[PDB]
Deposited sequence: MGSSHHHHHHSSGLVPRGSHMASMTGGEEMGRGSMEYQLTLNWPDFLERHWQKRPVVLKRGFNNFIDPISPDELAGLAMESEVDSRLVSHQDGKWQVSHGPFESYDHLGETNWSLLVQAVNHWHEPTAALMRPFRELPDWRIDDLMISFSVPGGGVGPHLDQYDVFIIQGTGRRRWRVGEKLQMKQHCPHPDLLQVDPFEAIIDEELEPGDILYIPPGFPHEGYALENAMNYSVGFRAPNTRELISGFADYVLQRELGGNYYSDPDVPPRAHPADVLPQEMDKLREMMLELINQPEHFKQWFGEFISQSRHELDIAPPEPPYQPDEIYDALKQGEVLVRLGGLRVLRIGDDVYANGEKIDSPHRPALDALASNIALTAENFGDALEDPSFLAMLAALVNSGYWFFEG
């Protein structure tokens, strides 16, 4: 297990969503969870989102995966960047657990880059928070003040060593490149914008035929011009909208289903044949471990728990919270909730969806 040496209160108070920083020796005696070869082979796979970025003579070249070969790259000036490696590699997923001092719903996935000397993606600006973890090799990283971007004056210019972490808030322009063959591990975050929220909620309202109440004007106001639309009427309409949004169970159900979805593809492999509830029970009681699929988002809002868009209900709150906060579970986590066939059938549904599995 990876263990952060960070002062969390300090970080949250001084840096989180405020200011970038290099966390020297963030991880001690850092051992890379994955090797560049394993990463390359991973990028060879079709389900995987990867890209190769290279620069030569002031011009750039981006190529998307999956790659059949890696023959012609050169020894300098290129980088393989692979999205959501935590979806395809467990030891990599281990890198994210130290950062659970920040909320799960905000945490995104883990992107891994390998870069040869000079390799990088050039000067750019992101929109989400990120922790860039230095593995093997060395990288020069530069971050400027809050404004692909034009060259900037750097307020940070450091050479990262294994175990160093570079935190960057959204909006801060940054550029990093390899000095030696290097592995970087971006623990990325995610935050919805208002547009995404409004369109998502609108979809939710459409699909479920909510908000079927019609504008009603028994006290229809007079006007000079019959073509006019009066401010009171505009206000009434707006308040219809605001009222639907403020409805207490609709909004957070929608948000539960929406936020629990991943930005990147999961390794969904439904077991065949499917599991009966009895099977789940037996396996758990026999001491077997139930493992959450890597990257599968399980978030808790109110009484309900949401997994990959699915809403989960159960009178058994402690066990459901166990589902929410344990990536590996055992029978004692569920407790007496295992004696409820409804709960077992719920778990069996989750397993048959491939969201959770036993052992591997």
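- Stretches of the deposited sequence absent from the structure, as judged by C-alpha coordinates, are 1 to 35, 183 to 194.
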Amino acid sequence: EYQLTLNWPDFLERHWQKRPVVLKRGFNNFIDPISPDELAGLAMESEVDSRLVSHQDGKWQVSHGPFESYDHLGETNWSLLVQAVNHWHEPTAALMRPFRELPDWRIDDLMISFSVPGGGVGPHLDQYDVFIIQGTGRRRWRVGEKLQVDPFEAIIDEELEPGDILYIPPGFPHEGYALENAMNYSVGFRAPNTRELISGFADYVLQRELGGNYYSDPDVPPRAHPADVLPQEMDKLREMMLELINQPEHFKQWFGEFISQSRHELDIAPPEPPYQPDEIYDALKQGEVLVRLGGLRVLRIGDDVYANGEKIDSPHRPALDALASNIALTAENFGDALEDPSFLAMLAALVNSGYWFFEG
From here on, numbers count along this sequence of modelled residues.
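- In at least a third of the other compared PDB entries of this protein that cover both flanking sides, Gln148 is left without coordinates.
- Higher mean CA B-factor, judged across 269 to 277 and 170 to 178 from the recorded values: 269 to 277.
- Annotation for 72 to 80 versus 196 to 204: the higher mean temperature factor (C-alpha) is found in 72 to 80.
- Comparing C-alpha B-factors across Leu102, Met240, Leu95, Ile156 in the deposited entry, the largest value falls on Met240.
- For the set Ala224, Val143, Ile132, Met111, the PDB entry assigns the largest Cα B-factor to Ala224.
- In the deposited entry, the Cα temperature factor of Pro162 places it in the lowest third of its chain's modelled residues.
- When the modelled residues of the chain are ordered by their C-alpha B factor, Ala307 lands in the middle third.
- The PDB entry assigns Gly65 a C-alpha temperature factor belonging to the highest third of its chain's modelled residues.
- In the deposited entry, the Cα temperature factor of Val229 places it in the middle third of its chain's modelled residues.
- Among all modelled residues in this chain, the alpha-carbon of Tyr185 has a temperature factor (C-alpha) in the lowest third.
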